[PDB]
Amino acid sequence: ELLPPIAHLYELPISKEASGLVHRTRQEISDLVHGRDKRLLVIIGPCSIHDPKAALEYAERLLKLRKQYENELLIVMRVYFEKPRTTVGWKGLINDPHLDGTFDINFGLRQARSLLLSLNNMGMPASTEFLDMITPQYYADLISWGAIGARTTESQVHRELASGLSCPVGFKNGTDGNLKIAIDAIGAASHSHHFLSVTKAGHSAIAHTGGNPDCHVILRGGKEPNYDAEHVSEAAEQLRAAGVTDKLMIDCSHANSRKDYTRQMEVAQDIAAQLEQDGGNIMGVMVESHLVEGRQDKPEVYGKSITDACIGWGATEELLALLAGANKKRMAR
């Protein structure tokens, strides 16, 4: 028996501070997407959330660096509640919050909203992948930036979803490296759509969306990595050719690090060098980071991923300083 969004909205209404932070962070990201500001968006944090307490501890550390580098970097935390599996597997905190096959979705939605509210209230904006068609009504008001995953960028129902979101949306290139699907996605999501959706009261209805003018692509590797200057330039030419923004984000993880978390730093160094030389088509970066590096099958060690391996806190400080220094020079030209 599924509680509707209005139940959770009643227990956890958005605060004045959260609402202000979300509104302005979305505006600020739009500025980067359209080349009006030259700060780098940094979407950074765990591959997935499985423990809100560790998430809050992580966020308080990250908040210090968000503040420190606010003139060069726009730091937003990865707060991912839904995970696309290759076949089957744990789908994330919403689907199965007790991490044990009980699928307590009401609890998971409450936890997701409570965490997001707390994050925004402390001054840390949040990002997530929007995978499910129905869950966004429960928490999209607390999200400053959304992703559509590699496995769903080509999907018309996800392009519809994005078209109705009030935050900027990044579209990842396909799992084998297809960029055109993400360019096409921006085209689709930027227009108005009519489709079936579910209201805050829990009832199906006809949605009519206005289109989302703040979509961009995310380069996340394919059969080969696609983060280097040659790839960026080629993606930018294809973006201009379709008449959509040629400012893009680069994912340091997934198929760009080839699932070796230690190579996220190499990718970030390549990005730093691009920003120093020129790097005019880059508006942001994505990084898989947690309190503790690596991964584990079971949630035994605190602050360590149970999905993709992440860099730890120490590498995270180094990586953020690197990008901030590199971007300060880009902004000086």
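The first residue of the shown sequence is 1; numbering continues from there.
Higher mean CA B-factor, judged across 230-238 and 165-173 from the recorded values: 230-238. Set 151-159 against 210-218 and average the Cα temperature factors; 210-218 ends up higher. Of the candidates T245, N120, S127, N95, it is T245 whose Cα B-factor is highest according to the PDB record.
Remark: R36 belongs to the highest third of its chain, ranked by C-alpha B-factor as recorded. Compared with the other modelled residues of the chain, the Cα B-factor recorded for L99 ranks in the middle third. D260: CA B factor in the highest third of modelled residues in this chain (values from the PDB entry).
Sort the chain's modelled residues by C-alpha temperature factor and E224 lands in the highest third, per the entry. In this PDB entry, the Cα temperature factor of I306 sits in the bottom third of its chain's modelled residues, the lowest group.
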